[PDB]
>>> print(open('data_28.cif').read())   # mmCIF, C-alpha atoms (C1' of nucleotides)
data_query
#
loop_
_atom_site.label_atom_id
_atom_site.label_comp_id
_atom_site.auth_asym_id
_atom_site.auth_seq_id
_atom_site.Cartn_x
_atom_site.Cartn_y
_atom_site.Cartn_z
CA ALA A 17 -7.82 -24.92 31.21
CA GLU A 18 -5.23 -27.70 30.91
CA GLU A 19 -2.82 -25.37 29.06
CA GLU A 20 -2.92 -22.55 31.64
CA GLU A 21 0.69 -22.57 32.78
CA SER A 22 2.19 -20.10 35.24
CA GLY A 23 3.47 -16.88 33.72
CA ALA A 24 1.49 -17.38 30.50
CA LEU A 25 0.51 -14.25 28.57
CA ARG A 26 -2.36 -15.05 26.20
CA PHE A 27 -3.23 -12.83 23.24
CA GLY A 28 -6.42 -12.94 21.19
CA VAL A 29 -7.30 -11.58 17.76
CA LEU A 30 -10.00 -13.98 16.50
CA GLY A 31 -12.45 -12.47 18.96
CA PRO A 32 -12.16 -8.87 20.34
CA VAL A 33 -8.86 -7.29 21.55
CA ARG A 34 -8.05 -8.57 25.08
CA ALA A 35 -5.03 -9.64 27.19
CA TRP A 36 -4.95 -12.48 29.78
CA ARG A 37 -2.10 -12.21 32.31
CA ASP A 38 -2.44 -15.47 34.29
CA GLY A 39 -6.21 -15.06 34.53
CA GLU A 40 -6.58 -11.29 35.05
CA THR A 41 -7.46 -8.83 32.30
CA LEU A 42 -5.37 -5.96 30.95
CA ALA A 43 -6.83 -2.69 29.68
CA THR A 44 -5.99 -2.71 25.97
CA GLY A 45 -7.26 0.87 25.73
CA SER A 46 -8.13 3.06 22.76
CA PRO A 47 -9.64 1.65 19.54
CA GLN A 48 -6.60 2.91 17.63
CA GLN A 49 -4.48 1.40 20.41
CA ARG A 50 -6.38 -1.88 19.98
CA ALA A 51 -5.72 -1.73 16.23
CA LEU A 52 -2.02 -1.07 16.86
CA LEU A 53 -1.70 -4.04 19.21
CA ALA A 54 -3.59 -6.23 16.73
CA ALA A 55 -1.34 -5.07 13.87
CA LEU A 56 1.68 -6.07 15.94
CA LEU A 57 -0.09 -9.37 16.71
CA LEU A 58 -0.80 -10.30 13.07
CA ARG A 59 2.88 -10.03 12.08
CA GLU A 60 4.10 -12.80 14.50
CA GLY A 61 6.84 -10.55 15.84
CA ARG A 62 8.33 -8.29 13.17
CA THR A 63 10.25 -5.16 13.83
CA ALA A 64 7.84 -3.08 11.72
CA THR A 65 8.80 0.53 11.04
CA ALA A 66 6.88 3.58 12.23
CA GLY A 67 5.57 4.54 8.79
CA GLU A 68 4.17 1.06 8.20
CA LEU A 69 2.31 1.10 11.53
CA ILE A 70 1.06 4.62 10.78
CA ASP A 71 -0.30 3.37 7.45
CA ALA A 72 -1.78 0.29 9.15
CA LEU A 73 -3.76 2.34 11.68
CA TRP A 74 -5.11 4.95 9.29
CA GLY A 75 -4.21 4.43 5.64
CA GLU A 76 -3.96 7.17 3.03
CA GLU A 77 -4.37 10.28 5.24
CA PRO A 78 -2.76 9.93 8.69
CA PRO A 79 -2.38 13.40 10.45
CA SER A 80 1.00 14.89 9.66
CA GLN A 81 2.65 15.16 13.10
CA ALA A 82 1.14 11.95 14.51
CA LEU A 83 4.44 10.06 14.72
CA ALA A 84 4.62 11.13 18.37
CA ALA A 85 1.03 9.92 18.66
CA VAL A 86 2.12 6.40 17.70
CA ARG A 87 5.06 6.89 20.07
CA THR A 88 2.73 7.51 23.01
CA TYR A 89 0.52 4.59 21.93
CA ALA A 90 3.68 2.49 22.19
CA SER A 91 4.25 3.99 25.63
CA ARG A 92 0.72 2.93 26.60
CA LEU A 93 1.42 -0.63 25.43
CA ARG A 94 4.76 -0.72 27.26
CA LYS A 95 3.25 0.41 30.55
CA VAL A 96 0.18 -1.84 30.30
CA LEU A 97 2.17 -4.88 29.12
CA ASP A 98 5.57 -6.11 30.29
CA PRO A 99 8.60 -3.85 29.71
CA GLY A 100 10.40 -6.66 27.89
CA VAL A 101 7.52 -8.07 25.86
CA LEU A 102 7.75 -5.05 23.52
CA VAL A 103 11.14 -4.02 22.12
CA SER A 104 12.11 -1.43 19.51
CA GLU A 105 14.75 -1.72 16.77
CA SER A 106 15.70 1.16 14.44
CA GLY A 107 12.38 2.88 15.11
CA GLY A 108 10.35 -0.27 14.48
CA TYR A 109 8.15 -2.00 17.03
CA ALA A 110 8.14 -5.69 17.86
CA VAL A 111 6.36 -7.93 20.36
CA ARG A 112 8.38 -11.01 21.36
CA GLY A 113 8.20 -13.63 24.10
CA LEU A 114 5.14 -15.28 22.54
CA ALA A 115 5.15 -18.97 23.44
CA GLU A 116 2.99 -21.73 21.98
CA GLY A 117 -0.70 -21.11 22.64
CA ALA A 118 -0.16 -17.44 23.50
CA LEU A 119 -1.85 -16.33 20.26
CA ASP A 120 -5.20 -17.77 19.22
CA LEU A 121 -4.28 -17.22 15.56
CA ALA A 122 -1.18 -19.43 15.80
CA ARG A 123 -3.34 -22.04 17.54
CA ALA A 124 -5.83 -21.65 14.68
CA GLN A 125 -3.21 -22.44 12.02
CA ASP A 126 -1.93 -25.30 14.21
CA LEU A 127 -5.41 -26.82 14.53
CA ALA A 128 -6.08 -26.37 10.80
CA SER A 129 -2.79 -28.09 9.91
CA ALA A 130 -3.52 -30.92 12.36
CA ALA A 131 -7.00 -31.37 10.87
CA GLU A 132 -5.51 -31.47 7.36
CA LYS A 133 -2.93 -34.04 8.49
CA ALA A 134 -5.66 -36.19 10.07
CA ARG A 135 -7.73 -35.93 6.87
CA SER A 136 -4.66 -37.07 4.93
CA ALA A 137 -4.25 -39.95 7.40
CA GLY A 138 -7.96 -40.77 7.10
CA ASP A 139 -8.80 -40.31 10.78
CA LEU A 140 -12.19 -38.82 11.69
CA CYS A 141 -12.49 -38.62 15.49
CA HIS A 142 -9.27 -36.69 16.13
CA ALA A 143 -9.93 -34.33 13.20
CA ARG A 144 -13.48 -33.73 14.45
CA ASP A 145 -12.11 -32.95 17.92
CA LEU A 146 -9.48 -30.61 16.45
CA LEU A 147 -12.03 -28.61 14.46
CA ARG A 148 -14.36 -28.63 17.48
CA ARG A 149 -11.56 -26.93 19.41
CA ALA A 150 -11.00 -24.62 16.43
CA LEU A 151 -14.62 -23.47 16.25
CA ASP A 152 -14.37 -22.43 19.92
CA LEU A 153 -11.53 -20.02 19.08
CA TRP A 154 -13.51 -17.24 17.40
CA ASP A 155 -15.63 -15.10 19.74
CA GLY A 156 -18.06 -12.96 17.79
CA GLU A 157 -16.95 -10.73 14.94
CA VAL A 158 -13.20 -10.70 14.36
CA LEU A 159 -11.32 -7.46 15.17
CA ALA A 160 -14.16 -5.80 17.06
CA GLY A 161 -14.10 -2.02 16.68
CA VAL A 162 -10.75 -1.23 15.07
CA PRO A 163 -10.31 1.39 12.32
CA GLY A 164 -8.08 1.26 9.26
CA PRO A 165 -8.54 -0.28 5.81
CA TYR A 166 -5.66 -2.59 6.74
CA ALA A 167 -7.79 -3.94 9.59
CA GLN A 168 -10.63 -4.35 7.08
CA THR A 169 -8.25 -6.37 4.89
CA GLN A 170 -7.31 -8.89 7.56
CA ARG A 171 -10.94 -8.85 8.75
CA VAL A 172 -12.24 -10.01 5.37
CA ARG A 173 -9.28 -12.40 5.03
CA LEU A 174 -10.00 -14.06 8.39
CA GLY A 175 -13.71 -14.13 7.60
CA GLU A 176 -13.05 -15.92 4.32
CA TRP A 177 -10.70 -18.33 6.11
CA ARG A 178 -13.47 -19.02 8.63
CA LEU A 179 -15.85 -19.65 5.71
CA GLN A 180 -13.58 -22.29 4.19
CA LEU A 181 -12.95 -23.79 7.65
CA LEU A 182 -16.69 -24.19 8.26
CA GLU A 183 -17.06 -25.55 4.72
CA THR A 184 -14.52 -28.27 5.54
CA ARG A 185 -16.17 -28.92 8.92
CA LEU A 186 -19.62 -29.31 7.33
CA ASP A 187 -18.16 -31.46 4.54
CA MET A 188 -16.58 -33.94 6.95
CA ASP A 189 -19.76 -33.88 9.04
CA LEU A 190 -21.71 -34.88 5.92
CA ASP A 191 -19.25 -37.60 4.90
CA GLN A 192 -18.96 -39.13 8.38
CA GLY A 193 -22.74 -39.38 8.85
CA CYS A 194 -23.89 -36.19 10.58
CA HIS A 195 -26.91 -34.43 9.08
CA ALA A 196 -29.16 -32.80 11.70
CA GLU A 197 -26.72 -30.31 13.22
CA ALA A 198 -25.27 -30.05 9.70
CA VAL A 199 -28.52 -28.82 8.13
CA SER A 200 -29.14 -26.61 11.18
CA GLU A 201 -25.76 -24.90 10.75
CA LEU A 202 -26.19 -24.59 6.97
CA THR A 203 -29.63 -23.01 7.36
CA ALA A 204 -28.30 -20.62 10.02
CA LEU A 205 -25.34 -19.57 7.85
CA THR A 206 -27.45 -19.11 4.70
CA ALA A 207 -29.74 -16.99 6.86
CA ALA A 208 -26.62 -15.02 7.82
CA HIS A 209 -25.03 -15.01 4.34
CA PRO A 210 -27.45 -15.47 1.42
CA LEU A 211 -25.09 -15.11 -1.57
CA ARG A 212 -22.62 -17.99 -1.05
CA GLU A 213 -22.96 -20.69 -3.70
CA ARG A 214 -20.76 -23.25 -1.92
CA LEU A 215 -22.85 -23.25 1.27
CA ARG A 216 -26.03 -23.74 -0.76
CA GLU A 217 -24.38 -26.64 -2.58
CA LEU A 218 -23.65 -27.99 0.90
CA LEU A 219 -27.34 -27.44 1.71
CA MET A 220 -28.28 -29.52 -1.34
CA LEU A 221 -25.82 -32.27 -0.36
CA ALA A 222 -27.00 -32.35 3.26
CA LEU A 223 -30.74 -32.25 2.56
CA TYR A 224 -30.34 -34.72 -0.32
CA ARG A 225 -29.63 -37.61 2.08
CA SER A 226 -31.37 -36.34 5.23
CA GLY A 227 -34.87 -36.66 3.75
CA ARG A 228 -35.67 -33.21 2.37
CA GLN A 229 -36.16 -32.33 -1.30
CA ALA A 230 -38.92 -29.74 -1.77
CA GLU A 231 -37.46 -26.92 0.31
CA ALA A 232 -33.96 -27.66 -1.02
CA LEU A 233 -35.05 -26.89 -4.58
CA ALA A 234 -37.17 -24.00 -3.27
CA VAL A 235 -34.00 -22.50 -1.76
CA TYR A 236 -32.23 -23.23 -5.06
CA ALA A 237 -34.95 -21.36 -6.97
CA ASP A 238 -34.62 -18.44 -4.56
CA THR A 239 -30.86 -18.51 -5.17
CA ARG A 240 -31.43 -18.45 -8.93
CA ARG A 241 -33.84 -15.52 -8.64
CA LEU A 242 -31.52 -13.46 -6.42
CA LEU A 243 -28.48 -14.28 -8.58
CA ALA A 244 -30.37 -13.23 -11.72
CA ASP A 245 -31.61 -10.03 -10.06
CA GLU A 246 -28.27 -8.97 -8.56
CA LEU A 247 -25.76 -10.46 -11.02
CA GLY A 248 -27.74 -11.54 -14.08
CA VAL A 249 -25.44 -14.49 -14.84
CA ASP A 250 -25.52 -18.29 -14.62
CA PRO A 251 -24.25 -20.14 -11.51
CA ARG A 252 -21.26 -22.48 -11.43
CA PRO A 253 -21.53 -25.66 -13.57
CA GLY A 254 -20.74 -27.85 -10.55
CA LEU A 255 -23.97 -26.67 -8.93
CA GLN A 256 -26.21 -27.48 -11.92
CA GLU A 257 -24.32 -30.83 -12.12
CA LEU A 258 -25.00 -31.57 -8.40
CA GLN A 259 -28.73 -30.71 -8.86
CA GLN A 260 -28.70 -32.91 -12.02
CA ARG A 261 -27.32 -36.13 -10.42
CA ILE A 262 -29.72 -35.40 -7.54
CA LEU A 263 -32.64 -35.52 -9.99
CA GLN A 264 -32.04 -39.08 -11.19
CA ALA A 265 -31.58 -40.08 -7.50
CA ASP A 266 -28.33 -42.04 -7.51
CA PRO A 267 -27.87 -44.09 -4.30
CA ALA A 268 -24.14 -44.39 -5.00
CA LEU A 269 -23.04 -41.73 -2.51
CA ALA A 270 -25.05 -43.21 0.39
"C1'" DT B 1 68.30 28.44 -40.97
"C1'" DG B 2 68.50 23.62 -42.78
"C1'" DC B 3 69.61 19.36 -41.37
"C1'" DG B 4 68.60 14.63 -39.30
"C1'" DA B 5 67.65 12.08 -35.44
"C1'" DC B 6 66.14 11.82 -31.06
"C1'" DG B 7 62.51 12.18 -28.81
"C1'" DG B 8 57.73 12.13 -26.81
"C1'" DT B 9 53.06 11.45 -28.18
"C1'" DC B 10 49.30 9.20 -29.77
"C1'" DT B 11 45.91 6.34 -31.89
"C1'" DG B 12 43.67 1.61 -33.00
"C1'" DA B 13 44.92 -3.09 -33.06
"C1'" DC B 14 37.53 -7.88 -37.62
"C1'" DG B 15 32.90 -9.73 -34.51
"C1'" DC B 16 29.02 -11.52 -31.27
"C1'" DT B 17 28.19 -15.63 -27.62
"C1'" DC B 18 28.13 -21.06 -25.33
"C1'" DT B 19 31.37 -19.45 -21.55
"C1'" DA B 20 31.35 -14.70 -17.40
"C1'" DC B 21 34.63 -13.76 -11.18
"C1'" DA B 22 36.52 -12.28 -7.70
"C1'" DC B 23 39.62 -9.46 -4.83
"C1'" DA B 24 43.92 -8.87 1.46
"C1'" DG B 25 50.21 -5.72 6.16
"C1'" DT B 26 50.99 -0.60 11.76
"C1'" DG B 27 46.66 4.37 18.92
"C1'" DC B 28 43.38 6.15 22.48
"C1'" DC B 29 39.90 8.26 25.86
"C1'" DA B 30 37.43 12.02 27.97
"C1'" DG B 31 34.02 16.03 27.45
"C1'" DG B 32 30.05 17.94 25.14
"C1'" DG B 33 25.90 19.13 21.83
"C1'" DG B 34 21.61 16.67 19.09
"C1'" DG B 35 17.90 13.69 18.45
"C1'" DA B 36 15.94 9.99 18.14
"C1'" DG B 37 13.26 7.52 21.55
"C1'" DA B 38 10.02 6.78 26.32
"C1'" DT B 39 6.73 9.23 30.12
"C1'" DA B 40 2.73 11.69 32.11
"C1'" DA B 41 0.05 15.48 31.54
"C1'" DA B 42 -3.09 18.34 28.88
"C1'" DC B 43 -6.44 20.99 25.11
"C1'" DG B 44 -10.15 19.75 22.48
"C1'" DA B 45 -13.99 17.32 20.71
"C1'" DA B 46 -17.33 13.61 20.50
"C1'" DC B 47 -19.21 9.62 22.34
"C1'" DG B 48 -22.10 7.64 25.96
"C1'" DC B 49 -25.63 8.11 29.53
"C1'" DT B 50 -29.68 10.23 31.84
"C1'" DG B 51 -34.21 8.45 30.62
"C1'" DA B 52 -37.33 12.05 28.96
"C1'" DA B 53 -40.45 13.45 25.45
"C1'" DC B 54 -43.39 13.41 20.85
"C1'" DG B 55 -46.84 10.47 19.02
"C1'" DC B 56 -48.72 6.68 17.01
"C1'" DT B 57 -51.59 2.08 17.06
"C1'" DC B 58 -53.26 -0.18 20.40
"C1'" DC B 59 -56.34 -3.83 23.56
"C1'" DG B 60 -59.25 -1.99 26.59
"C1'" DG B 61 -62.43 -1.57 30.70
#
>>> encode(input="data_28.cif", output="structure tokens")
Amino acid sequence: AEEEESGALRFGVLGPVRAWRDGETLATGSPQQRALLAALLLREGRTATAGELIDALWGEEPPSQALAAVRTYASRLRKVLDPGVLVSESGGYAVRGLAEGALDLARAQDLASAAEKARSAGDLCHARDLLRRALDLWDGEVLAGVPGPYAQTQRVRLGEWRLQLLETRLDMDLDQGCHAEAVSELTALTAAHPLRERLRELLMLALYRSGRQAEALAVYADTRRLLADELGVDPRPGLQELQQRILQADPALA
DNA sequence: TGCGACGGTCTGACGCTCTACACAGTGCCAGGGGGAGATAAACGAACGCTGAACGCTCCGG
């Protein structure tokens, strides 16, 4: 609310496709139109040619004469957004005029870099506040209802980035002395995603000092059974090592 | 025709690499046909919405 300046046009990709024009919404339109606007939004303002956008929306088999289709999608964007916010060069399309804080993705990289800098500087309160602001950026599933295998690619990429971001958040929560909300979040995420080894290692680390041992190794045994049933291999050596040092109960990491 | 000499013609002129690089003085505008590119409509299909309807276990007086 403190960064809501006059004339600000805010764009959002981490949650669904929406536009905020000084507090009032804009109709982003068709799902393919939403995917087109998102594809322009991921490229931080390239002039990207018509064939590349056609491939981004659809992939291997776009209809043959659908170049005029993308043309009229561009017309839709130009009449629903500002005339000058979208400009065309040599047949390519480009959204400019994006200030700081206009895109939630740019704010996400900014907050991640600030958290990394604070971790390098050894600060904890400012980094915790930065990642608290960062976890409020995503709203539900990223890229809600957009077609295209391209959109699937940045969907899985942003999901993986969110996974490492929450891994770092939970890790600093564990090292600074937070366990209750930590184990709550880890249990919720392992309920959501059952086949991540790193989050279950985080479960072991969090429960190891919060006063919980039986269900931690029960969850580990369930992980071993599912990983043997679905993969039939052995887990990472760092895991077995973490369970090992746990077993002799070293109070060094208290 | 035989002679020389006069002449044009033509060719290469051992070998790689450590090295190795680029290149310059004098017109002008209007009219007109294409095609990319923005606009709003439009043909077609399916995607939602209306709860309704088929049918089971159900706690039940």
>>> interface_residues(input="data_28.cif", of="chain A", to="chain B", cutoff="12 Å", atoms="all atoms listed in the file", output="list in words")
residues 66, 83, 84, 86, 87, 88, 89, 90, 91, 92, 93, 94, 95, 99, 103, 104, 105, 106, 107, 108 and 109 of chain A
>>> residues_near_point(input="data_28.cif", point="(-8.5, 2.0, 9.6)", cutoff="8 Å", atoms="all atoms listed in the file", output="PyMOL selection string")
chain A and resi 72-75+162-168
>>> residues_around(input="data_28.cif", residues="residue 27 (chain A)", least_positions_apart="3", cutoff="10 Å", atoms="all atoms listed in the file", output="list in words")
residues 24, 30, 33, 34, 35, 36, 37, 53, 54, 57, 114, 117, 118, 119, 120 and 121 of chain A
>>> write_last_selection(input="data_28.cif", atoms="C-alpha atoms", output="PDB file, keeping the file's coordinate frame")
ATOM      1  CA  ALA A  24       1.490 -17.380  30.500  1.00  0.00           C
ATOM      2  CA  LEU A  30     -10.000 -13.980  16.500  1.00  0.00           C
ATOM      3  CA  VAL A  33      -8.860  -7.290  21.550  1.00  0.00           C
ATOM      4  CA  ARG A  34      -8.050  -8.570  25.080  1.00  0.00           C
ATOM      5  CA  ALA A  35      -5.030  -9.640  27.190  1.00  0.00           C
ATOM      6  CA  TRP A  36      -4.950 -12.480  29.780  1.00  0.00           C
ATOM      7  CA  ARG A  37      -2.100 -12.210  32.310  1.00  0.00           C
ATOM      8  CA  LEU A  53      -1.700  -4.040  19.210  1.00  0.00           C
ATOM      9  CA  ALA A  54      -3.590  -6.230  16.730  1.00  0.00           C
ATOM     10  CA  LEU A  57      -0.090  -9.370  16.710  1.00  0.00           C
ATOM     11  CA  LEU A 114       5.140 -15.280  22.540  1.00  0.00           C
ATOM     12  CA  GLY A 117      -0.700 -21.110  22.640  1.00  0.00           C
ATOM     13  CA  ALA A 118      -0.160 -17.440  23.500  1.00  0.00           C
ATOM     14  CA  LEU A 119      -1.850 -16.330  20.260  1.00  0.00           C
ATOM     15  CA  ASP A 120      -5.200 -17.770  19.220  1.00  0.00           C
ATOM     16  CA  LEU A 121      -4.280 -17.220  15.560  1.00  0.00           C
TER      17      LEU A 121
END
>>> atom_distance(input="data_28.cif", atom1="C1' of residue 35 (chain B)", atom2="CA of residue 96 (chain A)")
26.4 Å
>>> resolve_selection(input="data_28.cif", expression="the PyMOL selection byres ((chain A and resi 199) around 12)", output="JSON, numbers by chain")
{"A": [186, 187, 189, 190, 194, 195, 196, 197, 198, 200, 201, 202, 203, 204, 205, 206, 207, 215, 216, 217, 218, 219, 220, 221, 222, 223, 224, 225, 226, 227, 228, 232]}
>>> decode(input="data_28.cif", residues="region 6-57 of chain B", atoms="C-alpha atoms (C1' of nucleotides)", output="short mmCIF file (atom, residue, chain, number, x, y, z; two decimals), in the first residue's frame")
data_model
loop_
_atom_site.label_atom_id
_atom_site.label_comp_id
_atom_site.auth_asym_id
_atom_site.auth_seq_id
_atom_site.Cartn_x
_atom_site.Cartn_y
_atom_site.Cartn_z
"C1'" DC B 6 61.01 -8.78 -83.06
"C1'" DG B 7 57.43 -9.60 -80.83
"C1'" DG B 8 53.66 -11.19 -77.66
"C1'" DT B 9 52.57 -14.90 -74.64
"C1'" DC B 10 52.92 -17.71 -70.93
"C1'" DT B 11 54.14 -20.47 -67.05
"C1'" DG B 12 56.24 -21.20 -62.18
"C1'" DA B 13 59.36 -18.99 -59.19
"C1'" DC B 14 61.23 -25.40 -51.86
"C1'" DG B 15 57.72 -25.55 -47.15
"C1'" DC B 16 54.47 -25.15 -42.91
"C1'" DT B 17 53.69 -21.82 -38.54
"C1'" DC B 18 54.94 -18.54 -33.80
"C1'" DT B 19 53.15 -14.31 -36.31
"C1'" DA B 20 47.83 -12.86 -39.36
"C1'" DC B 21 44.75 -6.67 -40.94
"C1'" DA B 22 42.56 -3.47 -42.62
"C1'" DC B 23 40.70 -0.34 -46.17
"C1'" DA B 24 38.28 6.65 -48.06
"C1'" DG B 25 36.61 12.99 -53.43
"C1'" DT B 26 30.50 15.85 -56.97
"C1'" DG B 27 20.81 16.65 -57.16
"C1'" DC B 28 15.77 16.54 -56.04
"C1'" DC B 29 10.59 16.08 -55.10
"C1'" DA B 30 5.93 14.84 -56.28
"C1'" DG B 31 2.45 11.06 -57.56
"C1'" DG B 32 1.01 6.32 -57.15
"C1'" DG B 33 0.54 0.97 -56.25
"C1'" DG B 34 1.51 -2.92 -52.27
"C1'" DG B 35 1.62 -4.79 -47.84
"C1'" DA B 36 2.77 -5.10 -43.83
"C1'" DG B 37 0.37 -3.61 -39.71
"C1'" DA B 38 -4.15 -2.05 -36.41
"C1'" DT B 39 -9.71 -2.20 -35.78
"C1'" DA B 40 -14.39 -4.08 -35.05
"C1'" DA B 41 -17.34 -7.36 -36.59
"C1'" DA B 42 -18.62 -12.13 -37.49
"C1'" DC B 43 -19.14 -17.75 -38.29
"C1'" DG B 44 -18.58 -21.57 -35.59
"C1'" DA B 45 -18.04 -24.50 -31.73
"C1'" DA B 46 -17.66 -25.61 -26.88
"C1'" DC B 47 -17.79 -24.25 -22.30
"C1'" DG B 48 -20.70 -22.90 -18.41
"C1'" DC B 49 -25.18 -22.75 -16.11
"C1'" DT B 50 -29.93 -24.33 -15.03
"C1'" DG B 51 -30.48 -27.51 -11.18
"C1'" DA B 52 -32.81 -31.79 -12.51
"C1'" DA B 53 -32.74 -36.68 -12.40
"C1'" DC B 54 -31.06 -41.79 -11.45
"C1'" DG B 55 -30.03 -44.36 -7.41
"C1'" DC B 56 -27.63 -45.79 -3.65
"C1'" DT B 57 -26.71 -46.14 1.67
#
